[PDB]
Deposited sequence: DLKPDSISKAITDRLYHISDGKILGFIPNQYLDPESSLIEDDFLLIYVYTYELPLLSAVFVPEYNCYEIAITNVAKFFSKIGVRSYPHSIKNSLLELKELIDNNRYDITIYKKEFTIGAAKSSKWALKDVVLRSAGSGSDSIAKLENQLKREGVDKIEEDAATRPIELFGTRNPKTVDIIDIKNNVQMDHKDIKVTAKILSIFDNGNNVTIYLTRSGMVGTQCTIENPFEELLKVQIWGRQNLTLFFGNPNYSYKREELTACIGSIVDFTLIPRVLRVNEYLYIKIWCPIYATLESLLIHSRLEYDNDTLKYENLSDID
């Protein structure tokens, strides 16, 4: 069966069908990127729920209870789904995208798209077509955010990714596999460790992304882990200066070194009342990676 964790079993040039899907949200967006941050191809991600999948709370987990899907051509996607202000206005385009995914459901066509992370080649789901389907029964996502509008978002924002990063204080934290992290599916609050090889580290403007592997990557679910840093204080601490300055090949210099990370779970807003779970390294600095890199 097509499942958010089943890309290693997917075949190339083969179209796969998500019937009756809810587009939960998308990154980037107005909640993570204020200002009209010009959206490039392949850097727009969407997150899709099917009602067969577990529904724990307003925090969804990619590769578990939602699909992370790359948009290969934004203009076609916005044109086909019903967006009308692109590319003149990024802000109004995403506002229009929000109204359409909040109200409708879609049949979605995806395929296993090969792509490179630095030198390694891996897979990712890419969107091919989107088709509005007729309205109707009840909607668990709509019920969930109706409860969320009454109750406290405050507790979820306690785990927002920009909140400054502190050690939880777990006694003798345990080293863990990437699989085990992917199966770590609620919001636990405890320090966990992982030992992994740096595939690449990207400066994305207002966040830093670190691709990690334990192993061409046949099974990105089991063997690839994306780790991110958000926020002024967190980023300032990573670079060692408040301007996010660094030399070009300092990020390159870290590729290939095995690094032990301590992670805590954080939360990224993808819609007004919906979030995805992410992992963040604790007290990471380019400094120490760089100094360790020379070893």
- Item | Chain regions without C-alpha coordinates, deposited sequence numbering | 136, 217-223, 304-319
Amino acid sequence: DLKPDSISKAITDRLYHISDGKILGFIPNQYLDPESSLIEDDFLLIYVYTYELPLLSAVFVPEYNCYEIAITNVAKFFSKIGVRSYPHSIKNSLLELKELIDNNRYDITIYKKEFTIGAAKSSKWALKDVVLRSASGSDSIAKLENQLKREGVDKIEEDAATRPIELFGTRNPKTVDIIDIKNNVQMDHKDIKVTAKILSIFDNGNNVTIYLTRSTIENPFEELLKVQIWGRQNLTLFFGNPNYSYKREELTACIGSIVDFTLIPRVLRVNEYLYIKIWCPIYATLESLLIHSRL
From here on, numbers count along this sequence of modelled residues.
- Note on the structure: Avg C-alpha B-factor, entry values, 244-252 vs 261-269, higher side is 244-252
- Query: Which is higher on average in the deposited entry, the C-alpha temperature factors of 280-288 or of 9-17?
  - Reply: 9-17
- Which one of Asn207, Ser79, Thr195, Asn103 shows the top CA temperature factor in the record? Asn103
- Message: Using only the C-alpha B-factors in the record, can you name which of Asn73, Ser134, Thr162, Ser93 has the highest?
- Response: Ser134
- Among the modelled residues of its chain, the C-alpha B-factor of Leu127 falls in the third labelled lowest
- So, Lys182's CA B-factor, relative to its chain, sits in which third? The lowest
- Query: Is the Cα B-factor recorded for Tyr47 in the lowest, middle or highest third of its chain?
  - Reply: lowest
- State the tercile, meaning the lowest, middle or highest third, of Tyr211 with respect to the CA B-factors recorded for its chain. lowest
- Within-chain third of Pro28 by Cα B-factor, per the entry: lowest
